[PDB]
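The form deposited without benzylamine is given below as one chain in structure tokens.
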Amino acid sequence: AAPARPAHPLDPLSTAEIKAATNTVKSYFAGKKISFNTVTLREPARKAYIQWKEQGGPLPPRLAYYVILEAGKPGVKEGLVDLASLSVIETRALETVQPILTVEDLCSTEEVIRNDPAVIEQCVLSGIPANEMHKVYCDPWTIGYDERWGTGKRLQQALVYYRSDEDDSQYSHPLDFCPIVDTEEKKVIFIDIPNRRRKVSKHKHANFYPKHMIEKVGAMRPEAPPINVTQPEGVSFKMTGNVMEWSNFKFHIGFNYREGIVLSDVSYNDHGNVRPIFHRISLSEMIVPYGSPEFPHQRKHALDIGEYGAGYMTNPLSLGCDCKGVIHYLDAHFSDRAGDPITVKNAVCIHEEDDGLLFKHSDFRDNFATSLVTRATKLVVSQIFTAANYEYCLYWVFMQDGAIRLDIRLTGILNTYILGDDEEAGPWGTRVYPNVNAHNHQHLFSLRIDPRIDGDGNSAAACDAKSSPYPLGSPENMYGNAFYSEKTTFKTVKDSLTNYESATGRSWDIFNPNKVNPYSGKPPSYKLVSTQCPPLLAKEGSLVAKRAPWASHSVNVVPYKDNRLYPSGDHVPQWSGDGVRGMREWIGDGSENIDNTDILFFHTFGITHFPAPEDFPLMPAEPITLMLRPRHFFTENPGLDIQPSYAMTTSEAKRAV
């Protein structure tokens, strides 16, 4: 009667497992009116997984984690189902939190506002007649946090816009007011109205489809000639279910409602010696804090991962458009509020691409006739998600020097608020179009690394480039040129709380202090090379800083414990930021050991964005990247057994003349 076991313990729940879980929960709560918010894999404990994979150990139980609401009860209930026995094995009621906002939760808000008499009244005061409510739209946001209601009601705020025609881009025409909606009652409970009213813009909409551009600039550019990419003999990667093998890497590609892509059990086959690198790597939280202090714009600091979910938000991807070439896709499966499985087709795309030169060297002695050149190929595992106005394109990239990179491209549309005719947008925003204020904001991400560098028992350090402390003209530093790398190994959590520093070109190592490279004498490591590391601009004690305690440092290293995934806590919406949970709980008093143990390394990276008119009405892609590169992991360049694109030795060159 139980669902079939998966091919691999880290595989996401199948649609059958989802329905089995929600049947089990409905039965457990029979006679209660409940709705499903989350039904997802509860991954095996790290010890249990490693013991199963590498030690012939017990098969970990297949478990689903659920979150439900119950009509007329505050907060949520959450728990675990054991799928093999179709039973609820753990359950608890959390009356004072609110959970992630699903697509269904968000979907109904527009019609609630269009039909609400107070909202209609504000639209009419703003210059939109009462019988034109079909032209009023809103983007349904998390309320984020509002101290007037805490978590006592489940709330959204509606950022309201106007379209003259359904095909317009509405973001040139924000309205001035902000309805607050009770998600479960489907009712507006309050409208924040500014002391200074600003009526709807009379300008044309700032549009971007070809029909609009033809009107606006006369004509489109002609179709460019095509650039065609083919792989007539197929690809070099091999997938077995969700397990990838490519260029000596092996790893499991997972996916969930919240993080989106989760890469697990990542190893590199070093000439027959299969060496672990990471147990798990993913994006674990975000925050996108805006920088206008005016009310109610403090409530714009979406933690998109915890409040909406990079999986729930993810686009179905298309062949030729989003990622071109020969592509392997994976689907994603979630539950809807009724407990039925839902599918997002082609949620992940996997492909391999040309990546320019891997390495080259030529000898000047025979005018470069002696020459070796080897081209690089990269493997890319990608998704794209839409958070209302913005699109986040995520690319996990594996490379043939053994490095792993995460590239992000931000696109979509600026968040916009209305600007009066004579109103100055600065210093907190930019007038990107008439009557349009695009507020300053940051995009910050929390990369969660559970490392196993060359096996278990790891540490982390900051590496700072420093001049020698001996002065110019000393016997020790006669010409003043000496410099070295100062490695500060983190002994306790408090030591790890560190920022990027340009002054020392700071990087961070994650290494195995139990092992030694036989050439260099240093421990094997992967080094985080990451410079897009903004300070958190919101102050200490701010709503933003309190709700995202991870974001105030570029690096936070804590001891591993099971279920330490989400650093702003498990249920993010409407938390005030007060209390010991998430990263604040894991840091504790800062005194716990993190040298030579099981650690978790959370890195904060991202951008700070001051809008300009180039970003409007649709923003060109803005890049973010970080890299984890092997240093002292190998004893020589690991790509040298890749066949060169061209090689001629000195003796060969001599024979050719």
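Heads up: residue numbers just count along the shown sequence, starting at 1.
Heads up, the form deposited with benzylamine bound isn't pictured, but that's what we're talking about next.
For benzylamine, considered in the entry with it bound: do all three of 259, 445 and 550 come within 4.5 Å of it, counting heavy atoms only? Answer is no for this spot.
Answer range among 147-155, 302-310, 512-520, 128-136 for contact with benzylamine, defined in the entry with it bound as heavy atoms within 4.5 Å: Heavy atoms within 4.5 Å of benzylamine in the entry with it bound occur in 302-310.
How about residue 141 - does it come within 4.5 Å of benzylamine in the entry with it bound, if we only consider non-hydrogen atoms? Taking the distances in the entry with it bound, the answer for residue 141 is yes, it comes within 4.5 Å of benzylamine.
Close approach of residue 390 to benzylamine in the entry with it bound, 4.5 Å, heavy atom: Yes, residue 390 lies within 4.5 Å of benzylamine in the entry with it bound.
Taking heavy atoms and a 4.5 Å cut-off, does residue 193 contact benzylamine in the entry with it bound? No, no contact at 4.5 Å.
Would residue 380 show up as a contact with benzylamine in the entry with it bound if we use heavy atoms at 4.5 Å? No.
Which listed residue (235, 369, 376, 106) meets the criterion of a heavy atom within 4.5 Å of benzylamine in the entry with it bound? Of the listed residues, the single hit is 106.
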